[PDB]
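Engineer: 3D, please:
(one chain, ligands or ions: 1)
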Amino acid sequence: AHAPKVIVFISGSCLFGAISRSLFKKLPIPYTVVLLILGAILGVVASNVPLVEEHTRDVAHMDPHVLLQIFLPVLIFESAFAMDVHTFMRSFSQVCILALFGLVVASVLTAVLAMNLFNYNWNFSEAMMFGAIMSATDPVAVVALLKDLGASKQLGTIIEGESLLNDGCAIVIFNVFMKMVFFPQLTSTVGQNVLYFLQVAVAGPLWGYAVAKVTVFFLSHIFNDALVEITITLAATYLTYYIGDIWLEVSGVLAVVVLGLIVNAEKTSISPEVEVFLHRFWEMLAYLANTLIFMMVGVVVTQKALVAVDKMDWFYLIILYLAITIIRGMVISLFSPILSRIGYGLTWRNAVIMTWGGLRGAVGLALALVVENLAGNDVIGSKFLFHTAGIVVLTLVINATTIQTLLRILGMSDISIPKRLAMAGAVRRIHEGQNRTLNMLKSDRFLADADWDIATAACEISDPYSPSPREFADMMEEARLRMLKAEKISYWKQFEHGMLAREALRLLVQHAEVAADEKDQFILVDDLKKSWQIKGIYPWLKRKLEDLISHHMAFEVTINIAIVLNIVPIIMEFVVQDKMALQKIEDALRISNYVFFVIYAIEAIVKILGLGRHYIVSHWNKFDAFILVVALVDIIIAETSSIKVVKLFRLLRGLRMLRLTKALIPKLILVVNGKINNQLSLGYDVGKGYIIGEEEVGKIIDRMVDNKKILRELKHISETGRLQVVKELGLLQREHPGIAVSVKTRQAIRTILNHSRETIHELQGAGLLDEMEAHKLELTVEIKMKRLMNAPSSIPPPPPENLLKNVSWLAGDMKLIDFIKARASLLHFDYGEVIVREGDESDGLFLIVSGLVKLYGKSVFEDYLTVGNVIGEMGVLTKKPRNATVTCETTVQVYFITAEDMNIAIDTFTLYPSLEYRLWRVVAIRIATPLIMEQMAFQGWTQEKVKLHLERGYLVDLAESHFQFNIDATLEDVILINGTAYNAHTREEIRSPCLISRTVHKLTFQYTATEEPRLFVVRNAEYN
Ligand SMILES: Nc1ncnc2c1ncn2[C@@H]1O[C@@H]2COP(=O)(O)O[C@H]2[C@H]1O
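Structural biologist: Numbering: from 1, shown residues only. What follows is the structure:
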């Protein structure tokens, strides 16, 4: 049988592909040409050696139904899967216009050329097949160069997407015309052609979308079963293609393209291991398909094609190559006016790169082989295959090689100075580390005899890339570029620790790089605003739907299931008895459906009774009664011509479905919630990342630039942008409560799980945890993380009493929570009201539970606070006039706790975690964060890292002595929160929130109660 033998041939193909790919890695030409040469050699051998001819012939000739039904789906799905879906979607308008219309025009022009130039005297359909074959490209070679050489990813994504779309459309057009050429059919009605177009073009993407959504849905509900995920993902593609193309007659390739794009986009629903495995697997399948196709082309072109090739054919091939290149260039130029004014916008040199990069690939050869096989013995098949192979060889020999030099000639090859400098710095750092380790290793007793001459040569890494106003302006530009670079660094740091998702980092870095190329330009809040600006369609849909949705626990699901049951007889009988108009089926159906209608009616009556006659007050109940009456009338008058019978079969058949829609509406609400959540999460991530980056860059810039004027101006710019962004973010919470709460909780759980994984890794590195149980714990962590993606899109906002239950200093003891609850008074305000003035006397605590408040006051401080923040916290502790004004921005609502009530609580709650201790720790962390930051800014720690580190610290009891001695061997950082302190030795006075210097071995204070000392310290991870 062929089953094992084809495996032998396929393995031989893999071996030849490996040889060609390896032995000529450093040569310019791609390995596919070598594969073609090997195939030609094998073909000529088989033509003269019957021994191997018998073996080869039985498998070399492949049926058209293995190429189209297997190879092409593999190639197309692999091409789609490896695509960066987000950038593709963001350029989709331009890429789709170009792909579709350019393909149509190019194929038409190529067909016209073929008809006019070639003496084959083909008809138009054959010429269209020819043009469709010649218009399919495969730039995988050029996209790699554009990816490696410089940050021109816009061009690479555009060209790859154009390749994908034109390949799909070329396959569709070829399928359409191949039928007219080789499987002629009777003249079709215009409506028939319209329906054919709808089936091929519209039904394909819809079928693919449906299957993709179902597949991702099921994937989201699989945990710790990587094998099942892989199997489902693989089976989905082939089932989609087969059902679409064979059974539904729908264009399979487009469905597969849509499935690939969707599955690639929804990467979060797939465990990362499965993601990488699938990527590699599909790449390998595409590689095998390419090698097989190329070798088959060589074999068959030598066997039976070149025998029917004349001198004029070579001239025709050369002319055709020139003509197709010129046609692609002309198409790009013709569409340039439109493309330039949408999406990225192609530059003059980008057009040349695209034109020259139009490499033809395996898809064209597969279609040519299909044509050749179908032709059988006509010259048309041989000529088609010869021309396609010639074009592919020419492109892979000329374009695929000269593209590298043309990149330089156009000036796109050079790597930018910033990347060169970064690479040089990294190389120098690596060399210094290598020198350190080399020096260290020579001390080992068990490595002293090492031949360092060899070691140095082996490990070394080489550089891969180897006061005047006119002066003040130069300084200003230099500082601007510096700050942009620092912002980029901060964004990357945030991402690497998981503070941000990949898309947010992409957007932020794109904006930062764009802002550099404009004079005196900085990242603008308005530019970022588009990220978190919710498209109005979905809010409009939610608002409209919520109106419509506005007797025990399951009396409605029962009727829903009843409709879900009886849809089947209604849909089936009235569209089956038309054919059948066996008997006992109708005998049962008649009375069974009649009694079904009766039971529904009686259940409606039961609920009318259990709820009273007011049941009919509801709007939808009126419709239910109406459909009940219609069914009653028709059935009863039947039980008492066709047109008085089809009033059931068509009309009532239609009406019975309608009342089911009242269950779909809630699900559509939940789906719109998911969409709005997906947008709002990205908006929040972008805004938060920008704010954090600005905060850090302010600290860094404080010391980076010496020029005081530039320092002041840049700090003003940064603060002005940050305040705008934070206010804009705050408004969103008011706009959509539930979705905001959902996103916030999601991110909180994500961060907690990330730190849990980090702790597990730390434990394993230390060895305290066994090398195996770590994987069990990490598995639990990973499944818990994946369960987040299924979290509800919206969560009802917690009531205020819960907000009091969760404040950091209250939460640890329900006796204190129930005490403070008994006295807290809820207050309300209007826009513009002032809660506290600067320098007024102390009244108590405010906990903000709704709305937004703006703070202003001398340290100069201007920022906004939102729900869950505590305000006035120092005024009950230090018994001092207020440090700032707080003004309401949007109908603020707050809990207030009076100074007397706090004094009583503090006097009455003095367990080990003293209430005063908790209150001072919450003040101390917020006051110390900036102090630690400004000292540690240059170093690696981020603000989140600084806060988490400080969290380990504690306040000193500071009652045994009014002098503190510091053990640097066990103490990491020392912060004086409040009080007056002085060094024991030098007696220098400290009377401010200050970071204690290292040299201070012993501190000293005074007994005066006018400023009670409060010292916060952080100890080493070890004891003491
Ligand atoms: N730099 C700041 N950052 C955040 N909150 C502040 C800042 N400065 C002052 N506040 C708050 O403003 C409040 C005004 O009243 P209190 O001084 O009692 O307590 C103050 C703090 O809660």
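
Engineer: can you tell me the helix or strand for the closest residue to the ligand within the stretch 551-700 of the chain?
Structural biologist: Per CB to the nearest ligand atom, residue 695 is where the stretch 551-700 of the chain lies closest to the ligand, at 11.9 Å. C-beta coordinates here come from the backbone N, C-alpha and C atoms, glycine included. Using DSSP states H and E, residue 695 falls within helix 661-704.

Engineer: what's the residue of the stretch 851-1000 of the chain found nearest the ligand in contact with, if anything?
Structural biologist: The minimum distance from the stretch 851-1000 of the chain to the ligand, using CB to the nearest ligand atom, falls at residue 875 (3.0 Å). Going by CB atoms under 8 Å, 6 or more residues apart in numbering, residue 875 touches 842, 843, 844, 881, 882, 899.

Engineer: and if you look at residue 894?
Structural biologist: Applying CB under 8 Å, 6+ apart to residue 894 gives the contacts 826, 827, 829, 835, 846, 847, 848, 849, 871.

Engineer: 10 Å - rerun?
Structural biologist: Residues near residue 894 by CB atoms under 10 Å, 6 or more residues apart in numbering: 800, 824-829, 835, 845-851, 853, 867, 869-872, 886, 888.

Engineer: Can you tell me the element it falls in?
Structural biologist: In this structure, residue 894 is located in strand 893-898 according to DSSP H and E.

Engineer: okay, now residue 770: neighbour count?
Structural biologist: 11 (other CB atoms under 10 Å).

Engineer: Which parts of stretch 376-386 count as buried, going by neighbours?
Structural biologist: 380, 381, 382, 383, 384, 385, 386 (16 or more other CB atoms under 10 Å).

Engineer: what sits up against that stretch?
Structural biologist: With CB under 10 Å, 6+ apart as the test, stretch 376-386 has contacts from 114, 118, 120, 122, 126, 129-130, 133-134, 181-182, 297, 300-301, 304-310, 313-314, 316-317, 365, 367-375.

Engineer: Recalculate using a threshold of 7 Å.
Structural biologist: 120, 126, 130, 300-301, 304-305, 308-309, 313, 368-369, 371-372, 375 (CB atoms under 7 Å, 6 or more residues apart in numbering).

Engineer: returning to what we had before: secondary structure and distance to the ligand for the contacts of residue 875 - can I get that in TSV?
Structural biologist: Below are the contacts of residue 875 laid out as TSV (DSSP: H, G, I helix; E, B strand; the rest coil; distance: CB to the nearest ligand atom, whole Å):
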residue	secondary structure	distance to the ligand
842	coil	6
843	coil	9
844	strand	9
881	coil	8
882	coil	4
899	helix	10
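
Engineer: Could you single out the nearest of the residues you listed to residue 861?
Structural biologist: Of all the contacts of residue 875, residue 882 has the smallest distance to residue 861: 12.0 Å, by CB to CB.

Engineer: what's the burial count for residue 595?
Structural biologist: 10.

Engineer: need the contact list for it.
Structural biologist: With contact set as CB under 7 Å, 6+ apart, residue 595 has no partners.

Engineer: Need phi/psi at it.
Structural biologist: Here is the backbone geometry of residue 595 (degrees, to the nearest 10): phi -70, psi -30.

Engineer: Using the three-state scheme, assign the one residue in the stretch 251-400 of the chain that gets nearest to the ligand.
Structural biologist: Per CB to the nearest ligand atom, residue 268 is where the stretch 251-400 of the chain lies closest to the ligand, at 35.1 Å. Each residue gets one of three states, and residue 268 gets helix by DSSP: H, G, I helix; E, B strand; the rest coil.

Engineer: For it, which residues are in contact?
Structural biologist: By CB under 7 Å, 6+ apart, the contact set of residue 268 is residue 789.

Engineer: From residue 834, how far out is it?
Structural biologist: Remark: distance between residue 268 and residue 834 (CB to CB, to the nearest Å) = 45 Å.

Engineer: just residue 1016 next, same as before
Structural biologist: From residue 1016 over to residue 834 (counting by CB to CB), the distance is 32 Å.

Engineer: do stretch 989-1004 and the ligand meet?
Structural biologist: No: Stretch 989-1004 lies out of reach of the ligand by CB under 6 Å from any ligand atom, never closer than 10.5 Å.

Engineer: Just checking the distance from that stretch to the centre of its chain.
Structural biologist: 49 Å (CA atoms, centre = their mean, to the nearest Å).

Engineer: Same check on stretch 363-379?
Structural biologist: Worked out by CA atoms, centre = their mean, stretch 363-379 lies 41 Å from the chain centre.

Engineer: Which strands and helices lie in contact with the helix holding residue 695?
Structural biologist: With contacts defined as 3 or more CB pairs under 7 Å, 6 or more residues apart in numbering; DSSP states H and E, the packing partners of helix 661-704 are helix 469-496, helix 502-516, helix 525-532, helix 537-549, helix 708-735, helix 737-766, helix 943-951.

Engineer: Past the longest one, which element shows up next along the chain?
Structural biologist: Read that as helix 737-766. Trace forward from helix 737-766 with DSSP H and E and the next one is helix 773-788.

Engineer: Please enumerate residues in contact with whatever helix or strand comes next after that next one?
Structural biologist: Downstream of helix 773-788, the first helix or strand assigned by DSSP H and E is helix 800-806. Outside helix 800-806, the residues within contact range by CB under 7 Å, 6+ apart are 810, 811, 817, 820, 821, 824, 826, 847, 849, 868, 895.

Engineer: One more: stretch 301-320?
Structural biologist: 40, 43-44, 46-47, 117-118, 379, 382, 385-387, 389-391.

Engineer: If anything else comes up later, I'll come back, but that's it for now.
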